[PDB]
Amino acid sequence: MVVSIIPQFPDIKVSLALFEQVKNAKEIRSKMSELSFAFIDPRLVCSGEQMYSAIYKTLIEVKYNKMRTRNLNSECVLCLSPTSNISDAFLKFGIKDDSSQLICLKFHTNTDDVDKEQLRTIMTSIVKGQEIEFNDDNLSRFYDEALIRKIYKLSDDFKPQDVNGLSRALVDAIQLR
């Protein structure tokens, strides 16, 4: 699990964790009302660069424009997407009933340190699955380039040689919201 900050927003921490062999996605989705986390589908996330670029866009939007959704967690799912339509972002970028991996994202707006032990306990109480390190090595296992191309509307003529090349196109789409 990783705890990060965006330079121009020192008081807002974001925790990111990655799970594989997830068994209860359907259950997580049905209780997503009752629970605050965002549960993101890693098939659409090919790199840390991409994810952090969305976190940056979220903070910029809320600070200097308008928040469209309930909280920062949901706003980031919106900002990951290339679309203005909130429901479509939630559907495409949120976990699915058949998700076998997930990213668990949480904004911590309070000053004061993130209670990591408590956070890891809460996450494992929610997710039936195996946490692995949130890093590019693990993200490169689970992204689906074909789906990404469809969702971000990338032309067949665009032929990135590596994940960095693909990531760059997604960050562009994200930043141009």
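Residue positions are given as counts along the sequence shown, with the first one as 1. C-alpha atoms forming the largest set that superposes within 1.5 Å between two forms make up the rigid core.
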Just give me the stretch that moves more in 4 other deposited structures of this protein: 120 to 128 or 24 to 32, judged by RMS C-alpha distance after a core fit. 24 to 32
Look at the other compared PDB entries that model both sides of residue 69, then say whether a third or more of them leave it out. no
I want to check something about residue 135: across the other compared entries that model its neighbours, is it left unbuilt in at least a third? no
I'd like the number of residues from the deposited sequence that lie between residue 146 and residue 147 yet are not in the model, binned as none, 1 to 3, 4 to 9, or 10 or more. none
Of the two stretches 124 to 132 and 46 to 54, which shows the higher Cα B-factor on average in the entry? 124 to 132
If you average the CA temperature factors as listed in the entry, which stretch comes out higher, 37 to 45 or 24 to 32? 24 to 32
Tell me, please, which of 14, 17, 169, 163 has the highest C-alpha B factor according to the deposited entry? 163
Looking at the entry's B-factor column for C-alpha atoms only, identify whether residue 83 ranks in the lowest, middle or highest third of its chain. highest
Could you look up the Cα B-factor of residue 62 in the entry and say which third of the chain it sits in: lowest, middle or highest? middle
Chain-relative CA temperature factor third for residue 1: highest
So where's residue 151 on the chain's Cα temperature factor ranking, which third? middle
